[PDB]
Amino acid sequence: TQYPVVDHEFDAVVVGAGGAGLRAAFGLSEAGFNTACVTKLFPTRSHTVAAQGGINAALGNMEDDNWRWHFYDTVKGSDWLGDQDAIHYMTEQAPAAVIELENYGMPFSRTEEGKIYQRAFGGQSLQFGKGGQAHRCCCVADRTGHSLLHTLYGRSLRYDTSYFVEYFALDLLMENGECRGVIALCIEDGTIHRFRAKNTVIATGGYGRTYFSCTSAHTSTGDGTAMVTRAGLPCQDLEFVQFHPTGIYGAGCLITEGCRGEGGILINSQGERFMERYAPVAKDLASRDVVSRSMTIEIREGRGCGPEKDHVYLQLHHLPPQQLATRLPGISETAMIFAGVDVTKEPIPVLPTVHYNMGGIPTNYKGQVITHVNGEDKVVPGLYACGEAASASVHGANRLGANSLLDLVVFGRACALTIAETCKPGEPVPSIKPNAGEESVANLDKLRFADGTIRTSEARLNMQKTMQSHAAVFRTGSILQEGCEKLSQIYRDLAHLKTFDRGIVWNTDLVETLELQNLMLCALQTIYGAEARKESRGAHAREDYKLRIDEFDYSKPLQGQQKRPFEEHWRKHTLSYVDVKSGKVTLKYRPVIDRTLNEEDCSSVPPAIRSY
């Protein structure tokens, strides 16, 4: 009524211009689909550009490799909470995915033979875990994501994709359980745009900004994750937040795990390479959930570095300076800017930092969003997801380093491949109601003319500080419940919000209020899923339930074991729902997919003990 509404019609609409959204976008245009790409940022400003370490693939440039070993490391790294059918697809398609990127012009670092340089990375091995450290992390120095995103954006200029840059997606257009498209806000002129399409792909990244300190960008507010929540659909495994070991102290900027992959070690206050004690075999190259816990224990036990005993040191000055300039030029500059550290002389002050969300929108290995109805996986018609916004789940309870950038290009391509085989271009686009999505415009105008007691910035900090203390590396039911009561009160106090910018053209005050709404929807499902999960699996470490509870006890022989029913064990996905009006969180559980795509080609790995 008050806002001018523009309508569009496409075969498919992709929400997100990161590494995952771009691959799906021109992949659909590759297949002749009239495809629109809606992104709140210019594509090369996406958080993918900040990625450093690299991207995994069993190319075999450094030694003889096997993608099935990569499969095994990923299944083990996920703590057997990941879907092995999706891990199969990702690890098998990894060589072709990276070769495609290099063929696009990605300026990978090179070996003596002219092939793609691959470095070691945390928790990756040869010979199914019995062959020592693997080197399959293909990288562009330590600016891999920068070159990945700029290569994908350049490649996307060749196709007929219709871009809508700096458009803020508000909600999905749901009718009869199907997705008809997305309604968005044009930031440049303040107009509401409804995009109608037969298929929608959600690649909106993570929501690391729910915490106070995080390596994520200010735009990682989980906007797509909240749209699925407001549509009455579930999110999966949101309580599994990855804490990167080496986030620089203070500014929280990331210091790449490639530092340890090239030879860097972690040092406590007494000069000890303490990872030789927590992981005698993997040492500083253990899984990220193990290292982040190891570093956190050393701090609270009194062996922290600095004048506050609140961090540790990442030592690189024992490495040759020519290697530091060739392999890690980015963090060399960053450590000087945000810490005054010369990596050739002094170590980098690092501490665990929120980095990545293993959870997100539940899909299958084809990229199709699924919901759980009476124990069966119902594919949501017309809805797709890929990247950090989605839960394949190829990462389960803990992601291996250099596997996200792979997730982006593998399942971005997979979404485009799945749409091409299921639908044809030019098929009649589905209709919508004349007032479809008006609840988004009403909620938008409500926040635009907010005149209450609490400002948006004040509410976002109370959420970030609550998540940082009540959902850190270690969690307890008594502390999680205190955070649940705080978050559920902050959400109900969003009615008292207060905005100032009464405009609509580039109203970052209004946009960052919508992002706070999205951050809060994700933060509730995170801390309530963490409070209910009474076990310790991967990143989620409960000190009141230090054990991992599977359907059996895989530490003892399965000979005549009483199988625990699904309602009693925990090797299962957490499915979270949220009543947006009241804020109450509902939790369900669906089984993990242990089967691969071909047992005779890739043996399914049963749960075992998880040590490094």
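Start at 1 with the first residue shown and count on from there.
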| item | value |
| --- | --- |
| Per the entry, higher mean C-alpha B factor between 462-470 and 129-137 | 462-470 |
| Between the two ranges 256-264 and 433-441, the one averaging a larger CA B factor in the entry | 433-441 |
| Options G208, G302, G114, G412 - largest CA temperature factor per the record | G302 |
| Residue, from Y278, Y159, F243, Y163, that the PDB entry assigns the highest Cα B-factor | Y278 |
| For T144, the third of its chain into which the C-alpha B factor falls | lowest |
| Ranked against its chain, the third holding the CA B-factor of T574 | middle |
| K588 - which third its CA temperature factor falls in, relative to the rest of the chain | highest |
| Cα B factor band for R110 (lowest, middle or highest third within the chain) | lowest |
| Third assignment of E102 from its chain's C-alpha B-factors | lowest |
